[PDB]
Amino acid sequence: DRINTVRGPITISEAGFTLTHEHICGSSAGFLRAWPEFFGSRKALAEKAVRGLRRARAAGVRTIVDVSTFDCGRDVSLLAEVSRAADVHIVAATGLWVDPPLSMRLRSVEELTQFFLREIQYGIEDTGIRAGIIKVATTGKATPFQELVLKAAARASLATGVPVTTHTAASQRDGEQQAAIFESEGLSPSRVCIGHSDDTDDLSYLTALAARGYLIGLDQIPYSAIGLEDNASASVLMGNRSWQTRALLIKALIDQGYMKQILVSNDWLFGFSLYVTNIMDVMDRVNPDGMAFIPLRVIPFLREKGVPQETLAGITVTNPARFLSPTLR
């Protein structure tokens, strides 16, 4: 029926063209509040985000999913503010990313489940803003704590119908262990997106997941450190393949007959404190289109390579709606 946004519950039909993996600000918990000058200021960060969202909107984007968790420095009232100013829906996330603090690392699976459910059914902090997605992450084989997080995510999903989205190291085929763990919890693959899947050339790894009912997150399309290979921080972050190479996996998955299982995005941000301090400037130099990269560059590129209009709109409208709309299957 309805989807939780930072401005309240909306009908599925209001989502329209959705980017399913983005960030307003990728930071750490409390870091934006304690040190806004890292980002110019809170106001300059907010203005920059509103500019970016209005540009993506002019290009046809109606909704983004901010998959920043607690430990990724999600600041939900910032998300609320830029949503209202830009008139772009924003779905906020719960879950845990790859930098949980000690107060999280020491929690049991039952405690974590209570936490994730809190931010979905009760709200995030004291904002009354409720998460419409759960974000989790592994980086290679899951640590014992990550195993907890994945189970807690599956359980929160199973109690609410809110889907799970993942950060992976696709090159190490993380999606296979993630999926094995999600299924052990009785979670339906149709409530799970295996993200960062565009970082691999292995089309078999992808179609198998797709054939199992999972969604495939081809969500870092503009990421490439070509031309700046000596920037270590950009190189680890963006890798060494072209955006066209990343974008061509969309076509490949379509040609295998799995367009229904594809979600595309930019994984873009407007502030970034988690690498070298000017990583955001370096990324903006790589992709001046920001979040409008998908509608402005990827969509025409794919149409030029022969992909039908109906298909590109199914991937950017139908699939996100079917993914976000609350269900157990």
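Note that residue numbering begins at 1 and tracks the sequence as displayed.
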| query | finding |
| --- | --- |
| Given 229-237 and 216-224, the range whose Cα B-factors average higher in the PDB entry | 229-237 |
| Of 19-27 and 306-314, the stretch whose C-alpha atoms average the higher B-factor in the entry | 306-314 |
| Peak C-alpha temperature factor (PDB record), options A159, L112, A180, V136 | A159 |
| Residue with maximal Cα B-factor (values as given in the PDB entry) among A211, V149, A93, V192 | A211 |
| Lowest, middle or highest third - CA B-factor, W243 | highest |
| Chain third (lowest, middle, highest) by recorded CA B-factor, residue given as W35 | lowest |
| Modelled-residue ranking by C-alpha temperature factor, third containing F116 | middle |
| Entry-reported Cα temperature factor of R107, expressed as the chain third it lands in | lowest |
| CA B-factor ranking of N278, expressed as a third of its chain | lowest |
